[PDB]
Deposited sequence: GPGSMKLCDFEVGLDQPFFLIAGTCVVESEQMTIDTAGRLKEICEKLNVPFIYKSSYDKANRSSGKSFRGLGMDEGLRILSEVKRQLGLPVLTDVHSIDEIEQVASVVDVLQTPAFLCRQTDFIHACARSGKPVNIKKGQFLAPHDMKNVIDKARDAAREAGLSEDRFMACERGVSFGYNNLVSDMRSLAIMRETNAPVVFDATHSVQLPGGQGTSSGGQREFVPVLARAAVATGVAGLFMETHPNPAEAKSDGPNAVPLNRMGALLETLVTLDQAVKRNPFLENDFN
């Protein structure tokens, strides 16, 4: 298990949820959604990290400070450039790197040296085995900076499948265990057609948790039709409870005994 915010995560722990609205829409929208997700995850005993991407950076980050302060929740956001990292790491608990930047070594190194843990998204162009090199390079930067190495996660978000389609290869979730980092599944982005697919979010979420992951990322919204960003792939907030209850059941079923593939 690696230490993440106030809990332990890993293939050998209960899965954690990263969830929130796609973009920081307003302050009430973010605080209300964060609070509702807290209550949902509290009842299910699912460790929960709130996400939104950044109204302006400053105001987005301020609102993220308020979720942290008001609700006591850890928060995660994406960083897009080396110059954003110092400011973002001073506010949030976990950085996340864009999938397209997974091979930009200066940028990955900079996140690695930030002093915060990093959820490293796997590019749509990588093979699952390539993620070992990504994580290893991040760990060299961390070690160079005097920081611990157990602070990265490998995040699956789909691989290119012809034009304008992604496929979620469940083998990837098993392969990336070789990174010795927690594996996270991004269920919302894995259904997106590049360049609504909501119906497939529960499908891939069930499939992934059953495969065996450390964490799950999902976007949500109270009324997704009225969402400011990527609405058609968000799970409505009033259905998150039922979905998570099913995923907890799958997670317990597959972790209660060793994974058969390990005996192969």
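Missing from the model relative to the deposited sequence are positions 1-3, 58-70, 212-218, 288 (no C-alpha coordinates, numbering from 1).
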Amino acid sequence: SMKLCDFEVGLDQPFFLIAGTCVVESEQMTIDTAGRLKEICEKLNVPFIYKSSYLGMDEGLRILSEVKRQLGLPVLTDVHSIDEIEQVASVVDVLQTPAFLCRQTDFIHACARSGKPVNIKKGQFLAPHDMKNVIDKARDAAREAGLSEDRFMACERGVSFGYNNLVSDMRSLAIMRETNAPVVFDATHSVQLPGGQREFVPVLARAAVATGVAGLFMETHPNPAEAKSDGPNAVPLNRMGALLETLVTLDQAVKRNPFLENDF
From here on, numbers count along this sequence of modelled residues.
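The deposited model assigns a higher average Cα B-factor to 72-80 than to the other stretch when 72-80 and 94-102 are compared. Comparing 136-144 with 177-185, the stretch with the higher mean C-alpha B-factor in the PDB entry is 136-144. Sorting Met29, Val203, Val209, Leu44 by the CA temperature factor given in the entry leaves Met29 at the top. For the set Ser160, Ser172, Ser190, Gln87, the PDB entry assigns the largest Cα B-factor to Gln87.
When all modelled residues of the chain are sorted by CA temperature factor, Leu216 is found within the lowest third. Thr21 sits in the highest third of its chain by CA B factor, as recorded in the PDB entry.
Sorting the modelled residues of the chain by their CA temperature factor places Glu245 in the middle third.
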